[PDB]
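Structure data follow from structure00.cif (mmCIF, C-alpha atoms and all ligand atoms):
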```cif
data_upload
#
loop_
_atom_site.group_PDB
_atom_site.id
_atom_site.type_symbol
_atom_site.label_atom_id
_atom_site.label_comp_id
_atom_site.auth_asym_id
_atom_site.auth_seq_id
_atom_site.Cartn_x
_atom_site.Cartn_y
_atom_site.Cartn_z
ATOM 1 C CA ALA H 1 265.599 183.409 89.553
ATOM 2 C CA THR H 2 264.100 186.815 88.863
ATOM 3 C CA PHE H 3 260.416 187.555 89.360
ATOM 4 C CA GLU H 4 259.299 190.899 87.998
ATOM 5 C CA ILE H 5 256.124 191.833 89.928
ATOM 6 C CA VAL H 6 254.050 194.443 88.075
ATOM 7 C CA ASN H 7 250.957 196.226 89.343
ATOM 8 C CA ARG H 8 248.699 197.080 86.395
ATOM 9 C CA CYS H 9 245.730 197.674 88.742
ATOM 10 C CA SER H 10 244.351 201.193 89.113
ATOM 11 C CA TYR H 11 244.824 200.859 92.885
ATOM 12 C CA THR H 12 247.913 200.353 95.045
ATOM 13 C CA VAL H 13 248.776 196.816 96.115
ATOM 14 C CA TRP H 14 251.368 195.569 98.569
ATOM 15 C CA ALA H 15 253.101 192.628 96.918
ATOM 16 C CA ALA H 16 254.148 189.712 99.125
ATOM 17 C CA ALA H 17 256.534 186.808 98.505
ATOM 18 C CA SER H 18 257.106 183.944 100.960
ATOM 19 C CA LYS H 19 257.708 180.229 101.168
ATOM 20 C CA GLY H 20 255.717 179.985 104.404
ATOM 21 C CA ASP H 21 258.601 179.803 106.857
ATOM 22 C CA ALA H 22 260.701 182.611 105.343
ATOM 23 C CA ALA H 23 260.495 185.698 103.145
ATOM 24 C CA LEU H 24 261.550 185.489 99.528
ATOM 25 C CA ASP H 25 263.830 188.493 98.871
ATOM 26 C CA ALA H 26 262.533 191.339 101.073
ATOM 27 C CA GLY H 27 259.169 189.560 101.450
ATOM 28 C CA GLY H 28 256.947 192.516 100.521
ATOM 29 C CA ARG H 29 256.784 196.025 99.096
ATOM 30 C CA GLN H 30 254.294 198.709 98.123
ATOM 31 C CA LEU H 31 253.489 198.863 94.388
ATOM 32 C CA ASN H 32 251.555 201.900 93.235
ATOM 33 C CA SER H 33 249.546 201.639 90.019
ATOM 34 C CA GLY H 34 251.986 200.899 87.192
ATOM 35 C CA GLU H 35 255.029 200.171 89.397
ATOM 36 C CA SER H 36 257.332 197.160 88.932
ATOM 37 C CA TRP H 37 259.396 195.426 91.622
ATOM 38 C CA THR H 38 261.918 192.741 90.675
ATOM 39 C CA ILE H 39 262.862 190.180 93.276
ATOM 40 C CA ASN H 40 265.398 187.400 93.384
ATOM 41 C CA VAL H 41 264.212 183.995 94.496
ATOM 42 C CA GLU H 42 266.817 181.389 95.412
ATOM 43 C CA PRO H 43 267.121 178.379 93.093
ATOM 44 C CA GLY H 44 265.523 175.289 94.568
ATOM 45 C CA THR H 45 262.778 177.271 96.333
ATOM 46 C CA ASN H 46 259.951 174.803 96.969
ATOM 47 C CA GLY H 47 256.401 175.936 97.710
ATOM 48 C CA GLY H 48 256.944 179.638 97.089
ATOM 49 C CA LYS H 49 254.010 182.013 96.709
ATOM 50 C CA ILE H 50 253.503 185.567 95.501
ATOM 51 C CA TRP H 51 250.288 187.507 96.151
ATOM 52 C CA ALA H 52 248.813 190.991 96.333
ATOM 53 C CA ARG H 53 247.558 192.607 99.509
ATOM 54 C CA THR H 54 244.954 195.364 99.443
ATOM 55 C CA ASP H 55 243.971 198.292 101.674
ATOM 56 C CA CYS H 56 247.085 198.224 103.835
ATOM 57 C CA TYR H 57 248.464 200.558 106.461
ATOM 58 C CA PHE H 58 252.072 200.258 107.715
ATOM 59 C CA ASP H 59 253.937 202.340 110.259
ATOM 60 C CA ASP H 60 257.561 203.456 109.916
ATOM 61 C CA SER H 61 258.769 200.122 111.320
ATOM 62 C CA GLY H 62 256.841 198.115 108.724
ATOM 63 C CA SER H 63 254.091 196.889 111.049
ATOM 64 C CA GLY H 64 250.400 197.309 110.336
ATOM 65 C CA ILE H 65 247.413 195.620 108.700
ATOM 66 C CA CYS H 66 245.949 194.707 105.284
ATOM 67 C CA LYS H 67 242.367 193.868 104.448
ATOM 68 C CA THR H 68 243.346 190.982 102.184
ATOM 69 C CA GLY H 69 246.472 188.878 102.365
ATOM 70 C CA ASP H 70 247.837 190.200 105.671
ATOM 71 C CA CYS H 71 250.921 188.244 106.801
ATOM 72 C CA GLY H 72 251.049 188.719 110.560
ATOM 73 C CA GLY H 73 250.879 192.483 110.150
ATOM 74 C CA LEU H 74 254.298 192.791 108.443
ATOM 75 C CA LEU H 75 255.161 194.814 105.347
ATOM 76 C CA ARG H 76 257.943 192.307 104.721
ATOM 77 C CA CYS H 77 256.188 188.946 104.806
ATOM 78 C CA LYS H 78 257.809 185.911 106.379
ATOM 79 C CA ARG H 79 254.618 183.845 106.492
ATOM 80 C CA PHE H 80 251.693 183.250 104.132
ATOM 81 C CA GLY H 81 248.807 185.690 103.826
ATOM 82 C CA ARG H 82 245.309 185.720 105.253
ATOM 83 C CA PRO H 83 242.638 184.681 102.707
ATOM 84 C CA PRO H 84 241.201 185.764 100.382
ATOM 85 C CA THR H 85 244.348 185.737 98.253
ATOM 86 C CA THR H 86 244.813 184.868 94.576
ATOM 87 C CA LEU H 87 248.091 182.886 94.618
ATOM 88 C CA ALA H 88 250.994 182.629 92.181
ATOM 89 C CA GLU H 89 252.651 179.353 93.281
ATOM 90 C CA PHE H 90 255.996 177.920 92.242
ATOM 91 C CA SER H 91 258.622 175.306 92.992
ATOM 92 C CA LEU H 92 261.936 175.846 91.246
ATOM 93 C CA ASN H 93 264.715 173.437 90.204
ATOM 94 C CA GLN H 94 262.801 170.300 91.128
ATOM 95 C CA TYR H 95 264.777 167.549 89.378
ATOM 96 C CA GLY H 96 265.689 169.858 86.518
ATOM 97 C CA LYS H 97 262.366 171.669 85.970
ATOM 98 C CA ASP H 98 260.302 174.496 87.435
ATOM 99 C CA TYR H 99 256.594 174.161 88.228
ATOM 100 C CA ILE H 100 254.136 177.074 88.282
ATOM 101 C CA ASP H 101 250.411 177.555 88.821
ATOM 102 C CA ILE H 102 247.742 179.973 89.951
ATOM 103 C CA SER H 103 245.450 178.897 92.770
ATOM 104 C CA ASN H 104 242.049 180.020 94.080
ATOM 105 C CA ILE H 105 242.166 177.434 96.901
ATOM 106 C CA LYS H 106 242.688 180.317 99.372
ATOM 107 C CA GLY H 107 240.159 182.540 97.588
ATOM 108 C CA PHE H 108 240.604 185.452 95.210
ATOM 109 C CA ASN H 109 241.359 189.122 95.817
ATOM 110 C CA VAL H 110 243.172 190.559 92.768
ATOM 111 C CA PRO H 111 243.340 189.233 89.181
ATOM 112 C CA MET H 112 246.734 187.960 88.063
ATOM 113 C CA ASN H 113 248.842 186.682 85.203
ATOM 114 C CA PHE H 114 251.888 184.511 86.019
ATOM 115 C CA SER H 115 254.112 183.977 82.981
ATOM 116 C CA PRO H 116 257.699 183.015 82.183
ATOM 117 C CA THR H 117 259.898 185.788 80.758
ATOM 118 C CA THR H 118 262.250 183.139 79.319
ATOM 119 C CA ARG H 119 261.595 180.412 76.726
ATOM 120 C CA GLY H 120 260.018 176.998 76.901
ATOM 121 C CA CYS H 121 256.545 177.123 78.504
ATOM 122 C CA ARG H 122 253.242 179.006 78.680
ATOM 123 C CA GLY H 123 251.915 181.304 81.371
ATOM 124 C CA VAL H 124 248.703 181.004 83.348
ATOM 125 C CA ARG H 125 246.096 183.639 84.113
ATOM 126 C CA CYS H 126 243.103 184.219 86.356
ATOM 127 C CA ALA H 127 241.757 187.601 85.373
ATOM 128 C CA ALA H 128 237.982 187.305 85.443
ATOM 129 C CA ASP H 129 235.855 189.467 87.763
ATOM 130 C CA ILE H 130 235.641 186.918 90.544
ATOM 131 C CA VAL H 131 235.016 189.523 93.250
ATOM 132 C CA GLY H 132 232.124 191.094 91.328
ATOM 133 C CA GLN H 133 230.523 187.719 90.548
ATOM 134 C CA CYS H 134 231.313 186.105 93.940
ATOM 135 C CA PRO H 135 228.527 183.942 95.460
ATOM 136 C CA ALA H 136 226.880 185.843 98.329
ATOM 137 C CA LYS H 137 227.988 183.347 100.966
ATOM 138 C CA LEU H 138 231.650 183.608 99.892
ATOM 139 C CA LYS H 139 231.906 187.419 99.816
ATOM 140 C CA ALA H 140 234.458 188.644 102.333
ATOM 141 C CA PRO H 141 233.222 191.803 104.113
ATOM 142 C CA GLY H 142 236.842 192.922 104.372
ATOM 143 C CA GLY H 143 237.181 192.571 100.580
ATOM 144 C CA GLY H 144 237.565 189.709 98.051
ATOM 145 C CA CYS H 145 235.925 186.295 97.495
ATOM 146 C CA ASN H 146 236.675 183.601 100.091
ATOM 147 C CA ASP H 147 237.169 179.957 99.313
ATOM 148 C CA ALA H 148 234.584 177.607 100.855
ATOM 149 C CA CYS H 149 237.090 176.045 103.251
ATOM 150 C CA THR H 150 237.791 179.437 104.839
ATOM 151 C CA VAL H 151 234.072 180.115 105.212
ATOM 152 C CA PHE H 152 232.681 176.737 106.292
ATOM 153 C CA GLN H 153 235.601 174.682 107.702
ATOM 154 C CA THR H 154 234.380 171.254 106.563
ATOM 155 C CA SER H 155 236.411 168.212 105.624
ATOM 156 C CA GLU H 156 234.792 168.296 102.190
ATOM 157 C CA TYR H 157 235.833 171.888 101.362
ATOM 158 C CA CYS H 158 239.211 171.662 103.075
ATOM 159 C CA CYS H 159 240.034 168.190 101.665
ATOM 160 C CA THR H 160 241.236 167.325 105.129
ATOM 161 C CA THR H 161 241.572 163.599 104.579
ATOM 162 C CA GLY H 162 242.846 163.740 101.019
ATOM 163 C CA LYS H 163 239.440 162.708 99.733
ATOM 164 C CA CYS H 164 237.019 165.336 98.453
ATOM 165 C CA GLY H 165 235.226 166.224 95.260
ATOM 166 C CA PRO H 166 234.338 169.434 93.434
ATOM 167 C CA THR H 167 231.560 171.495 95.011
ATOM 168 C CA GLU H 168 229.118 174.195 93.964
ATOM 169 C CA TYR H 169 231.616 176.729 95.334
ATOM 170 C CA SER H 170 234.709 175.248 93.678
ATOM 171 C CA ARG H 171 232.840 175.107 90.370
ATOM 172 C CA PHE H 172 232.249 178.868 90.587
ATOM 173 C CA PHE H 173 235.988 179.553 90.756
ATOM 174 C CA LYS H 174 236.609 176.995 88.009
ATOM 175 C CA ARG H 175 233.976 178.499 85.693
ATOM 176 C CA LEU H 176 235.413 182.008 86.077
ATOM 177 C CA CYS H 177 239.050 180.800 85.933
ATOM 178 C CA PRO H 178 239.525 177.400 84.293
ATOM 179 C CA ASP H 179 243.319 177.704 84.450
ATOM 180 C CA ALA H 180 243.615 178.027 88.245
ATOM 181 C CA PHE H 181 243.176 175.413 90.984
ATOM 182 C CA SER H 182 239.652 175.632 92.377
ATOM 183 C CA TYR H 183 239.953 173.048 95.164
ATOM 184 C CA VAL H 184 242.722 170.860 96.578
ATOM 185 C CA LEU H 185 242.110 167.854 94.309
ATOM 186 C CA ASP H 186 241.302 169.784 91.152
ATOM 187 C CA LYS H 187 242.679 168.371 87.898
ATOM 188 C CA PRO H 188 246.084 170.074 87.947
ATOM 189 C CA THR H 189 246.749 173.204 85.918
ATOM 190 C CA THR H 190 250.446 173.258 86.822
ATOM 191 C CA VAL H 191 252.794 174.221 84.008
ATOM 192 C CA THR H 192 256.228 172.636 83.657
ATOM 193 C CA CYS H 193 258.932 175.170 82.714
ATOM 194 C CA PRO H 194 262.662 174.723 82.086
ATOM 195 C CA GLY H 195 264.660 174.670 85.307
ATOM 196 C CA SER H 196 265.884 178.166 86.252
ATOM 197 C CA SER H 197 263.295 180.066 84.227
ATOM 198 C CA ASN H 198 262.506 183.693 85.096
ATOM 199 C CA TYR H 199 258.997 185.080 85.513
ATOM 200 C CA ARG H 200 256.640 188.031 85.638
ATOM 201 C CA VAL H 201 253.626 188.271 87.920
ATOM 202 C CA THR H 202 251.200 190.959 86.694
ATOM 203 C CA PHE H 203 248.308 192.134 88.868
ATOM 204 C CA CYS H 204 245.238 193.208 86.852
ATOM 205 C CA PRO H 205 246.652 192.018 83.506
ATOM 206 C CA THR H 206 243.504 193.038 81.595
ATOM 207 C CA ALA H 207 242.249 195.646 84.085
HETATM 208 O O1 LIG Z 301 253.255 177.050 112.577
HETATM 209 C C1 LIG Z 301 252.747 178.106 112.121
HETATM 210 O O2 LIG Z 301 252.135 178.890 112.886
HETATM 211 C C2 LIG Z 301 252.857 178.434 110.673
HETATM 212 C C3 LIG Z 301 253.697 177.681 109.869
HETATM 213 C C4 LIG Z 301 253.748 178.039 108.517
HETATM 214 N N1 LIG Z 301 254.602 177.302 107.638
HETATM 215 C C5 LIG Z 301 254.562 177.307 106.263
HETATM 216 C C6 LIG Z 301 255.503 176.512 105.832
HETATM 217 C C7 LIG Z 301 255.821 176.219 104.402
HETATM 218 O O3 LIG Z 301 254.823 175.885 103.514
HETATM 219 N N2 LIG Z 301 256.181 175.969 106.988
HETATM 220 N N3 LIG Z 301 255.615 176.463 108.049
HETATM 221 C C8 LIG Z 301 252.985 179.109 108.041
HETATM 222 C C9 LIG Z 301 252.178 179.803 108.929
HETATM 223 C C10 LIG Z 301 251.337 180.952 108.495
HETATM 224 O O4 LIG Z 301 251.329 181.336 107.294
HETATM 225 O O5 LIG Z 301 250.634 181.542 109.352
HETATM 226 N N4 LIG Z 301 252.138 179.448 110.205
HETATM 227 O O1 LIG Z 302 248.822 185.147 111.847
HETATM 228 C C1 LIG Z 302 249.025 183.906 111.888
HETATM 229 O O2 LIG Z 302 250.131 183.478 112.307
HETATM 230 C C2 LIG Z 302 247.974 182.951 111.432
HETATM 231 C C3 LIG Z 302 246.691 183.427 111.218
HETATM 232 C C4 LIG Z 302 245.751 182.483 110.790
HETATM 233 N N1 LIG Z 302 244.408 182.905 110.545
HETATM 234 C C5 LIG Z 302 243.876 183.117 109.294
HETATM 235 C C6 LIG Z 302 242.640 183.488 109.448
HETATM 236 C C7 LIG Z 302 241.694 183.819 108.344
HETATM 237 O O3 LIG Z 302 241.237 182.825 107.516
HETATM 238 N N2 LIG Z 302 242.363 183.518 110.868
HETATM 239 N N3 LIG Z 302 243.445 183.164 111.492
HETATM 240 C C8 LIG Z 302 246.110 181.144 110.589
HETATM 241 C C9 LIG Z 302 247.424 180.766 110.827
HETATM 242 C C10 LIG Z 302 247.868 179.354 110.635
HETATM 243 O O4 LIG Z 302 247.042 178.467 110.303
HETATM 244 O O5 LIG Z 302 249.077 179.049 110.815
HETATM 245 N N4 LIG Z 302 248.302 181.676 111.235
HETATM 246 O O1 LIG Z 303 248.806 180.711 116.108
HETATM 247 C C1 LIG Z 303 249.542 180.833 115.092
HETATM 248 O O2 LIG Z 303 249.121 180.450 113.974
HETATM 249 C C2 LIG Z 303 250.903 181.428 115.217
HETATM 250 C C3 LIG Z 303 251.380 181.813 116.450
HETATM 251 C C4 LIG Z 303 252.655 182.363 116.554
HETATM 252 N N1 LIG Z 303 253.080 182.739 117.862
HETATM 253 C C5 LIG Z 303 254.371 182.835 118.331
HETATM 254 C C6 LIG Z 303 254.296 183.204 119.583
HETATM 255 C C7 LIG Z 303 255.430 183.453 120.515
HETATM 256 O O3 LIG Z 303 255.594 184.714 121.038
HETATM 257 N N2 LIG Z 303 252.900 183.349 119.924
HETATM 258 N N3 LIG Z 303 252.204 183.062 118.870
HETATM 259 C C8 LIG Z 303 253.459 182.534 115.419
HETATM 260 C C9 LIG Z 303 252.893 182.118 114.220
HETATM 261 C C10 LIG Z 303 253.656 182.255 112.948
HETATM 262 O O4 LIG Z 303 254.758 182.862 112.923
HETATM 263 O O5 LIG Z 303 253.189 181.770 111.885
HETATM 264 N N4 LIG Z 303 251.673 181.593 114.152
HETATM 265 EU EU EU Z 304 250.706 180.897 111.986
#
```

Rewrite the structure from the file as C-alpha cells, please.
Ligand SMILES: O=C(O)c1cc(-n2cc(CO)nn2)cc(C(=O)O)n1
Ligand SMILES: O=C(O)c1cc(-n2cc(CO)nn2)cc(C(=O)O)n1
Ligand SMILES: O=C(O)c1cc(-n2cc(CO)nn2)cc(C(=O)O)n1
Ligand SMILES: [Eu+3]
Amino acid sequence: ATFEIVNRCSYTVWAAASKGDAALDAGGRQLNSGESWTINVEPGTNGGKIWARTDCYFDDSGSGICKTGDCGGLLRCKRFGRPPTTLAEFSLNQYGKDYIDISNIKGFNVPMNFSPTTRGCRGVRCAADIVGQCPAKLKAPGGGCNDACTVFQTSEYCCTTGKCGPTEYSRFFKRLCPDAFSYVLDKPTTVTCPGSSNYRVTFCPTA
C-alpha cells in the first residue's frame, strides 16, 4: 500500500512510520514545509502508525533527538514515538478490509488529516488548535499537549484494567477533535476502507 505523507505545516517535521517492533519503509524522513514523501507499507500490516516529530536534530549517522515523537533517537524509526504525538493508525488487509483512525490517546503535537486516495471510504481529521487550547496541566514543556495518562499515570487515565470512563482531560481532546480517539475506551471513530486501499497523511491540513 502507498502512503503519501505531505507536510503542509509552515515548519519542518520529521515523519515517522512504524509498527512498534519494526520500521515501515525507511521508518522516517525529514519533510520541509510543502514536501511529500511516499512510502510503501506491506499488505497485512497490523497496528501501524504514522506521526510527525518536531524540533529534531540528527547527525550524519541518523542519530539524534526530537522534542516530540522521538523514537529512541533514530531518524529512521523502528519503535513508536515519545508522546505527545498525534497518531495516524492503521491495520491493513484484516479479513478483506483496512481500518484507519486518528488517535489523541498519546497526546497531540501536529494537526493531521488521514484520508484514502482510492475509493470506498471517508477520511478522518484532527486539525483544531489543540496545542494552543491545551489545559495547563497537560502542556508539555518540550512542546505539544500530553494525554492525561502520560502526565498522571493512573489506572483511570491509562485504562490499565480495561475499565475506565471519559475524564475532564479526555473530553478536552474530544471537544476539539470529535473524530479522533480521546481515551482508550472512547466510542470508536475507526473507518472501514476496502482492503488494499492507498492513503495520504497530511500534516497541518488547514494550517
Ligand atoms: O519492549 C519494548 O521495549 C518495546 C516494545 C515495543 N513493541 C511494540 C510492538 C507493536 O505494537 N511490539 N513491541 C515498542 C516499544 C517502544 O516503542 O518503545 N518498546
Ligand atoms: O526509548 C524507549 O525505548 C522507550 C521510552 C519510553 N519512555 C517514554 C517516555 C515519555 O512519556 N519516557 N520513557 C517508554 C518505552 C516503553 O514503554 O517501551 N520505551
Ligand atoms: O526500557 C525500554 O523501554 C527499552 C530498552 C531497550 N534496551 C535494550 C538494551 C540492550 O542493550 N538496553 N535497553 C530497548 C528498547 C526498545 O528497543 O524499545 N526499549
Ligand atoms: Eu522501549

Translate the PyMOL selection byres (((not hetatm)) within 10 of (chain Z and resi 304)) into a concrete residue list for this structure, as a list in words.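 Going through the file, the PyMOL selection byres (((not hetatm)) within 10 of (chain Z and resi 304)) ends up selecting residues 20, 21, 71, 72, 79, 80, 81 and 82 of chain H.
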
Hits from the PyMOL selection byres (((not hetatm)) within 12 of (chain Z and resi 302)), listed as a PyMOL selection string: chain H and resi 20-21+65-74+77-85+105-107+140+142+145-153

Do you know which residues the PyMOL selection byres (((chain H and resi 163-171) around 10) and not hetatm) returns on this file, as a PyMOL selection string? chain H and resi 104-105+107+134-135+137-138+146-149+155-162+172-178+181-186

Rounded to one decimal in Å, what is the spacing between atom CA of residue 57 of chain H and atom CA of residue 76 of chain H?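 Distance between the two atoms: 12.7 Å.
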
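Using only C-alpha atoms, the protein and nucleic acid residues lying no more than 8 Å from residue 36 of chain H, apart from those fewer than 3 places from it along its own chain, are residues 4, 5, 6, 7 and 31 of chain H.
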